[PDB]
Amino acid sequence: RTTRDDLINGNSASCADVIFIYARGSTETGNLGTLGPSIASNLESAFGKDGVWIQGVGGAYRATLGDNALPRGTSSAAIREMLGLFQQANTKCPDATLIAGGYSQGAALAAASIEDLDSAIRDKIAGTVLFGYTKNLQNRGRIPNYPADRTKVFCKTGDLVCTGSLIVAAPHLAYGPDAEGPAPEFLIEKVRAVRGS
């Protein structure tokens, strides 16, 4: 439903070509929340069910409302969890192309993790999509240490978290259509650009 642990459960003897690591929003269920499942089905349609592994950030990432107030928009424990997943992906499947994403607090988490990530593994992340990026204004629409061309931010007009606040307004809950259309198309394009064709 809203939980996928393809990377943790996957056999390294039969690695997928693409590994997608996703962080849900504050308070969301499973490890994929509301938007993750939509991105996943599109990726599965493009690469095949066996061509892509979908991994939500679970474990220590509780997606607590209060953690939004911490320095980087999320907890150090959650950042560690996501760094560990990127590391696990590289260790199990060194030839796999990575892609990432996050919504709300999850977007701040994805940004922090990528910032701290070993540059050699970071280079393998072909593209990252961020929805309702809570650090959009603060980071000037960027993920620290990561190129602009591999970044796609979805921030709606009226979504106050994209404008330096932490107030949740209706536009913050309107990313469903983006997750099922433009977001996966961007990720698929970025995977093909790095892998070639």
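Residues numbered from 1 in each chain as written, not as in the entry; some residues may be left out. Heavy atoms only, no water.

Looking at the method and resolution fields of the entry, one finds X-ray crystallography and 1.75 Å.

### Topic: the overall build of the protein
Applied cut-off: A run of H or I in DSSP counts as a helix once it spans at least four residues, and a run of E counts as a strand once it spans at least two, with each numbered from the N terminus. Radius of gyration here uses only the C-alpha atoms, and the compact-globule reference equals 2.2 Å multiplied by the residue count raised to the power 0.38. Relative accessibility under 20% of the residue-type maximum defines a buried residue, over 50% an exposed one, and the middle range a partly exposed one, all with a 1.4 Å probe and only protein chains included. By the convention used here, residues are in contact when the closest approach between their heavy atoms is within 4.5 Å. What sets the accessible areas is the Shrake-Rupley method with a 1.4 Å probe; for residues, cover comes only from the shown protein chains. Charged residues are defined here as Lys and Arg on the positive side and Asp and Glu on the negative side; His and the ends of the chain fall outside this count. The location of each charge is read from NZ of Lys, CZ of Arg, CG of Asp or CD of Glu.
Along the backbone of the protein there are seven helices and five strands. Ordered by position from N to C terminus, the α and β elements of the protein give α-β-α-β-α-β-α-α-β-β-α-α. Computed over C-alpha atoms, the radius of gyration of the protein comes to 15 Å, within 12% of the 16 Å expected from 2.2 N^0.38 for 197 residues, which places it in the range of a compact globule. Counting all 197 residues of the protein, 52% fall into the buried class. In the protein, 76% of the contacts between residues at least 6 apart in sequence involve partners at least 24 apart. As presented, the protein carries roughly 8,400 Å² of accessible surface, and 49% of it is formed by carbon and sulfur atoms. Each charge class in the protein was averaged separately, 19 positive and 19 negative side chains, and the resulting centres sit 3 Å apart.

### Details of the sheet that holds strand β5 (residues 151–154)
Which entries qualify depends on this criterion: Any two strands between which DSSP finds at least two bridges are classified as paired. In this description, a line fitted to the C-alpha atoms serves as the axis of each element, helices being fitted only across the stretch in contact, and the angle between N-to-C directions of two axes falls anywhere from 0 to 180 degrees.
Across the sheet, which stays open at both edges, the five strands sit in the order β2-β1-β3-β4-β5 with parallel pairing between neighbours. This sheet does not close on itself; its edge strands, each paired only once, are β2 (52–56) and β5. Across the sheet, the mean angle separating the axes of adjacent strands is 15 degrees when strand polarity is ignored. Sheet analysis places strand β3 (residues 97–103) next to strand β4 (residues 125–131), joined by six bridges and oriented parallel. The partner of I99 across the bridge, within β4, is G127.

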